[PDB]
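Below, each chain spelled out in residue letters.
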Amino acid sequence: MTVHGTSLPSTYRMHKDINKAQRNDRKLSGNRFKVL
Amino acid sequence: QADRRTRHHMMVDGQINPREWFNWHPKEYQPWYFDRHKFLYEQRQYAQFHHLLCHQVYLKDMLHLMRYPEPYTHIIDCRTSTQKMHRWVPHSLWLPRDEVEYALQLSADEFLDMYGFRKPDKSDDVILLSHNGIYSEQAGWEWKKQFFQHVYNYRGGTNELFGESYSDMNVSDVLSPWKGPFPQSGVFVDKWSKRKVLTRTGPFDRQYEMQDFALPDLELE
Amino acid sequence: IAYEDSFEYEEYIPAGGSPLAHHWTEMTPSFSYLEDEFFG
Amino acid sequence: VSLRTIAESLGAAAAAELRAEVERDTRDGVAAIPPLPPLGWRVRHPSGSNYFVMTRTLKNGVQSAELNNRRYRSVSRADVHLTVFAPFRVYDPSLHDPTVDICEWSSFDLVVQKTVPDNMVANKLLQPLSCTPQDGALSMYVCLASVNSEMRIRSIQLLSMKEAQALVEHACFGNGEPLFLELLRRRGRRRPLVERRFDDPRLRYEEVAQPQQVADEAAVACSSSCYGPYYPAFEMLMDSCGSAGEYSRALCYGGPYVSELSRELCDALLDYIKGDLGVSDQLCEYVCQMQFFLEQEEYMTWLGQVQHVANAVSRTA
Amino acid sequence: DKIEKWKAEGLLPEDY
Amino acid sequence: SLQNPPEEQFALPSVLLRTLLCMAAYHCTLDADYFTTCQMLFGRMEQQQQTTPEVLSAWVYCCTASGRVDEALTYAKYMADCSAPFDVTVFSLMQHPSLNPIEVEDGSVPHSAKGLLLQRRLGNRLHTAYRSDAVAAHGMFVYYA
Amino acid sequence: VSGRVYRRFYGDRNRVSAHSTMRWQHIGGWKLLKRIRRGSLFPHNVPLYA
Amino acid sequence: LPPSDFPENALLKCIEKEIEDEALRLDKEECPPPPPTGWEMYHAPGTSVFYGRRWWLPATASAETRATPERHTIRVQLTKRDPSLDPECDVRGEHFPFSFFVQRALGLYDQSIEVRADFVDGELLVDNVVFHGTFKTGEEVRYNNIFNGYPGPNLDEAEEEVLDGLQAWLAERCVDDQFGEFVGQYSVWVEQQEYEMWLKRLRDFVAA
Amino acid sequence: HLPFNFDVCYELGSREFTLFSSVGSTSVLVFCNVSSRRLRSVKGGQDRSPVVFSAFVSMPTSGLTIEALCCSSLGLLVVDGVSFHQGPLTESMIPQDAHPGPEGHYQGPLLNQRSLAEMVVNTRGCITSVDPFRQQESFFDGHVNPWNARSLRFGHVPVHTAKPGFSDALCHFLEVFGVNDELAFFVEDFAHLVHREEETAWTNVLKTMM
Amino acid sequence: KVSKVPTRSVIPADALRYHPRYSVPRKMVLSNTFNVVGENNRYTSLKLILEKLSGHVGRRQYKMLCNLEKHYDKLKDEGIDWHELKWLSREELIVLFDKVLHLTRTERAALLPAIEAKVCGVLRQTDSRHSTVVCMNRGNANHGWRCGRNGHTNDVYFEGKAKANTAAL
Amino acid sequence: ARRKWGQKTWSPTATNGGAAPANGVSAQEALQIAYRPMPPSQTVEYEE
Ligand SMILES: [Zn+2]
């Protein structure tokens, strides 16, 4: 709290909250066919 | 109204391609303290002008100078819109803000001819007012640009003296959501750097920091 | 013309598939309709 | 008794939304200025519509365009008629398919026709001019698109009165297309909408009925042409607004798929449309702005019609 | 003036 | 290094754009064939920044300083039909065909500020009773004189 | 193959069971494979990890 | 082509190049691909739809007195693809959609059984069986909608007696994997002949 | 179950049923086009296209006609778009017999964010592939070709998504004309009834052909 | 010899997903609070679904205007769960939305795609100990609207943990 | 000509250092690389 200004559980929560979009958006369903 | 989508081409990275090209890198920017509650020129983006901020005269100083005025403490009104002024601050002179950078360039005789009152000496106390104290702050910066040693600002001048609820109507220019900005339309930089500047991590209402370099953290794993 | 006698095997261009768009041969600007006015 | 308080709550909210919509775009009392079109373009937007049409006429061919005229100082052919139909169809394909890195996809069509005047003497009768409405009425329909403020061609179609005559008479073995003949059997006119003139400022006050005069110059010249009874089939073929014209142009060739063309033909086609023809990336970025501005203008008339409907119910009930 | 314009253009009609 | 939301990050202040276009108009006074590039410059700025009456009056001064009479007055008439006020500092700099505005805002020429204030007040007085196009035409007449 | 055997129970769906640790270490061959050297049999019904 | 009179020399010389190398190549055939027996191939020169047509007589049992002749019609629309979504969107797979009309004994959408099939990766994928006109059930059910007519369910979800009876009805009509290969071959020749006409018609427009 | 004053009109062979109402001088017309591909279950849980219909509210005292793009889900009702047309209910305005209504008019803002909420569920949308020419092979069909569907805004997502407190008043305004949740429960059950009778008649016609 | 790289003709789009090691990611078991289904554990699937339905959506991060998080407290005060919300009929949802929840017509429109699909409120395992992943598959009535896949069988509240034990709660 | 996705036409070698000779390029070979066929309507040429 003195040097870094936060604590490790709050640090883990902030790290989980800063990148919420590029962690999971969809389940990416469908099938990809071979085109060649 | 009704939550207009904006025509900027910022986008979050997908779930398929790897993260590449780390000579530009957006990350989320969170400062220490909130600054939105503060005065407009006491915020974060005006910190370098912190020594340029005029000293504050308060309401009780203004009432004391209303009752007992001094011959060379010049009270000067910096309000520009004549349709929004309804009362007269006592012992005040009208010098509107948008003319101040010309007005201090005149001689004393030309000041008297173009404003009807004498030009204040550079050792005289000057006290500025506005509706919120914003036009008076810019006028105080213009008065301190010239060598005026004692320049003071009453923040919230008319709105605390006469009890009005007005504003100086500062636009704080923000692009219309049809105006597409610079980095989308342009070949000023290569395609990898153009794709990596236009990406952001999260919603596009918050602030972000652009890194010019990055090295891999080999000591984690 | 076989593959080993080809221009693409003289460089390291593969035999079939997606074209290497960032290869230096594909980045080389061609104007073949003006070739008779310059090299003729 | 509840119909009055419901229609008055809606008519007060629509007046509150229309009030809060104007003050957002208003800056210091003066309203939001529309984006300016490029040089020579005259935009017409009908009231209560989904589209806006802009025209441009290059006299003496291509050589009087904007790019071919700028030079360094202090040291004939047939006229071209441009027409850019721009609907309000703007979407992003990254919502439905996250693998596609496209922020904005806006489609707009370009119709370019040519017209021979009487003043050109040099190359009059050395060959029959195929661009003339008297001879074929050949016209190029360039379907365009804007993919993240970058103009990409969708299709280049060459349509004449021949393939309009072919679709109506002998597209089958002895008959025309059964759907194209039926679509022409149901052609009702649209009610006249008053158009607004967001022209180029320099041509805003010079001539007003100039896109109307060149539209009726060709319509006279095509209906009394070598191909007479096939012009209603050609009007629906060149009609850019609706699904009957999109099916009619899909019965024609549709051009080659452009990414399969040679790289020399892809850059020479882009050098012709952007540089020579004048349909530029400045024009392409303006259409994405004008699709946004006139959507905002149509939202306010929509808010004015919610209030007008809700006030007419509460005074009746 | 916008409501004045839509009545002249016909977007706000009268009683049918 | 600090990226705001892009509606406010890539917006320059109108004072900056007015100063840039007034430098361009002073150069078009010195050399009219600059004007074409200025047109290209305007062709980006209206597409990137916000079309304000300040930058439109500066573009009217740009067209006037190049010798372009008809399109300058027609842009002024377009501002008048849009109810946009002509900028008074551009109206004063138009009738001062010296004094490139970087050293006017810097203030290295201390004299003729009375003339600048007189032209600004004359522009305000003319705008009280007329539209922007008459003020711009008066500025064009005095500049060409 | 190279198989691992743990002493305690970890089911395929959830960890709850009716066995103790001594029970499952006699079930899942942990005592067996601890006391068994090479050349002997190991059951295929015992779950193998990694 | 003088550059003072003609500013489009980058396109007119490139399109004159593209006329010759599309004709000087030896991989193209001058003759159309030979259709199977009975089929007559029509194609309007301007459009992108070519028609097939043949007559046919089914197998009729001895209890019936007369076999009525049929009218088989093939309708192929050329496939369109958008290059503006490339290189962002994936490569669209090449497939050859066509329509197969069956009319008993006079247009295309009156008293006709229409079946839509897709030739993809060397095989036919029958999609829908669309009816047009008044047909007998079991009453009379009329399908008079030609654009938004009821096309039937997709055959992945349809009942098993509907599937094997249809393929026996289709194999008897000589519509199978070898017939769909010809539609993949004839549409390539049609699109090639339209492309050289498109290059010829574009040079007349740009140079004018 | 049926609403109070609504006559049904459904002929076998067409996948359309039309409901009409008239109170006073105002006329209410509900048009639905049942999907042939696959429609979602009435229980909802377990290609599954939603039941989308249109409602035409004509009021000659106002001089405008209100077209409401509505989607019935789980028997309830959401309203996706509201547009205004000139004059009374003309015959050309209804998309019956595969001729569309008025073309090239402003469709309206988004009243609800239902389409953005379906992508959190990862429900498959109307747009199958990115390529519009890929889905234009089955032209003049709303369910498989969304780029020319009137009910799907021709693939366009508008600029403004209307305020919740404002457009809650608009949904309450239409419920007094019979565009309540009681109608959408009937349209959900009648679209499943048309989808059985169309598939049974198409099968039995196909049996007699072969 | 030149060996060809083994590919497939038909591949699901889930296999196109990215991993920084091009490998299978770690699936850490959930915390010890989820071992017994209780009143503290019941509504964590309801909370995350209402959290995702109000946040930003898509690659362009479209903000959902209707905030469905304000109705989370009144839903758990009634004792109704997300799995119990899927068991309610159509007539029981009109009573729940109008009387208790006071859901507006646009807030009802943003919640109905989550109820139309019958999303299974099962916390999926993830690489971290704190999991914010709910299985978005459509549930079936035979398996209690739990979608019946990956071990979500008719009482499974959390992936890797025990059943509901409805006699207790 | 027109290219297809995935199908390339093989072409023979000139057998002169490959496409770019690493050993060197003579004056007459570099003369053709000098006056390369740029379109002359948009090309400025200059020598001193
Ligand atoms: Zn599940």
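Looking at the entry header, you'll see cryo-EM listed as the method and 3.1 Å as the resolution.

In terms of regular secondary structure, chain C is built from 2 helices and 0 strands. Within chain C, buried positions represent 20% of all 40 residues.

Attention shifts here to the nonpolar core. Judged by nonpolar contacts, the single largest core of 101 residues is most densely connected at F52, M54, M140 and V279 of chain D, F131 of chain H together with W202 of chain I. Ranked by the residues each element gives to this core, the list is headed by helix α3 (residues 177-206) of chain H, at 12 residues. Contact partners of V279 of chain D, with chain neighbours within four places excluded, come to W41, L82, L110, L144, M151, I273 and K274 of chain D. If you look at the next biggest cluster of nonpolar residues, it comprises 56 residues, including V30, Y106, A169 and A184 of chain I.

What follows is about the coordination of the zinc ion. Residues and elements named next belong to chain J. Every protein donor of the zinc ion is listed here as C120 (SG), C135 (SG) and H152 (ND1), and their distances to the metal cover 2.4 to 2.7 Å. Read N to C, the donor residues that coordinate the zinc ion are spaced as C-x14-C-x16-H. Within this pair, whereas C120 is found in the segment after α6 (107-116), its partner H152 is found in the segment after α6, the two being separated by 32 residues in sequence. Taking the relative accessible area as the measure of exposure, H152 reaches 0% and is therefore buried.

Here we come to helix α4 (residues 135-145) of chain B. All names here are of chain B. Most of α4 sits inside the fold, with 8 of its 11 residues counted as buried. Residues of α4 that are buried: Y135, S136, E137, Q138, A139, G140, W141 and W143. Where α4 is buried, its residues touch β3 (73-77), α2 (100-103), β5 (125-129) and β6 (151-153).

Another point: the pattern of salt bridges. Summed over all chains, the structure comprises 61 salt bridges over all chains. Note that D35 of chain B and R44 of chain B form a salt bridge whose closest N and O atoms lie 2.8 Å from each other. Overall, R44 of chain B belongs to the partly exposed group, its relative accessible area being 30%. The partner of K200 of chain H in a salt bridge is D204 of chain H, with the nearest N and O atoms 2.7 Å apart. One end of the pair, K200 of chain H, and the other, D204 of chain H, are both in helix α3, 4 residues apart, so they sit about a helical turn from each other. Bridged by salt links that share partners, the residues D173 of chain B, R27 of chain D together with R18, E54, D87 and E105 of chain F form one connected network.

With that out of the way, let us pick up the pairing of strand β5 (residues 64-73) of chain I. All names here are of chain I. Of all 10 residues that make up β5, 10 are buried, and the element is covered over most of its length. Both faces of β5 are covered, namely the face carrying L64, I66, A68, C70 and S72 and the face carrying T65, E67, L69, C71 and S73. Looking at chain direction, strand β4 (residues 51-59) and β5 are connected through 9 bridges and run antiparallel. Counterpart to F53 in the pairing with β5 is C70. What sits between the antiparallel neighbours β4 and β5 is a turn of 4 residues, in which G63 has the positive phi angle 85 degrees. Taken together, the 10 bridges between β5 and strand β6 (residues 76-86) define a ladder with antiparallel strand orientation.

So, about the pairing of β4 of chain I. Residue and element names in this part refer to chain I. Of all 9 residues making up β4, 8 are buried, and the element is well covered by its neighbours. The pairing of strand β3 (residues 26-33) with β4 spans 6 bridges and is antiparallel. The partner of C32 across the bridge, within β4, is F53.

Turning next to the interface of chain D and chain H. Contacts between chain D and chain H engage 58 residues on the former and 50 residues on the latter. Summed over both sides, the interface between chain D and chain H buries roughly 4800 Å², with carbon and sulfur atoms accounting for 65% of that surface. When residues of chain D are sorted by the area they lose upon contact with chain H, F173, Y253 and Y257 of chain D head the list and together hold 19% of the total. Among the ionic pairs, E8 of chain H bridges to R77 of chain D, the shortest N-O distance being 2.8 Å. The interface formed by chain D and chain H contains 22 residue pairs in polar contact. Those elements that place two or more of their residues in the side of chain D that touches chain H are β5 (105-115), β6 (139-147), β7 (151-159), α2 (161-169), α3 (178-185), α6 (243-250) and α7 (263-276) of chain D. When the residues that make up the side of chain D that touches chain H are grouped by side-chain class, the tally is 35 nonpolar, 11 polar and 12 charged.

The rules behind each value
The numbering shown runs from 1 along each chain in the order of its written sequence and may not match that of the entry; residues for which no coordinates exist are omitted. Chain labels run from A onward and ligand labels from 1 onward, assigned in the order the entries are written. These chains belong to a larger assembly; the values given apply solely to the chains on display. Water and hydrogen atoms play no part in the side-chain values, which are based on all heavy atoms of the structure. Residues with missing side-chain atoms are left out of burial classes, side-chain pairs and their counts. Numbered from the N terminus, helices here are DSSP runs of H or I no shorter than four residues, and strands are runs of E no shorter than two. When a residue's accessible area, from a 1.4 Å probe over protein chains only, is under 20% of the maximum for its type it is buried; when over 50% it is exposed; and in between it is partly exposed. Only buried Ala, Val, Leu, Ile, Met, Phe, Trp, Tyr and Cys residues count toward a nonpolar core, and they belong to the same one when joined by side-chain atoms within 4.5 Å. For this analysis, residues touch if any pair of their heavy atoms sits within 4.5 Å. Donor criterion used throughout: N, O or S atom within 2.8 Å of the metal, extended to 3.2 Å for Na, K and Ca. Water excluded; incomplete-looking sites may result. Note on definitions: salt bridges are taken to be side-chain nitrogens of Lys or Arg within 4 Å of carboxyl oxygens of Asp or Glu. Here, strands pair whenever DSSP counts at least two bridges between them. By definition, the buried area sums, over both parts, the 1.4 Å-probe accessible area that each loses when the two are put together. Nitrogen and oxygen atoms within 3.5 Å of one another constitute a polar contact, given that in protein one can donate a hydrogen and the other can accept it, and given that sequence-neighbouring residues count only through two side-chain atoms. Residues are grouped as follows: nonpolar covers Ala, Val, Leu, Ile, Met, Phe, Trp, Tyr, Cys and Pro; charged covers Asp, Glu, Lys and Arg; every other residue, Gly included, is treated as polar.

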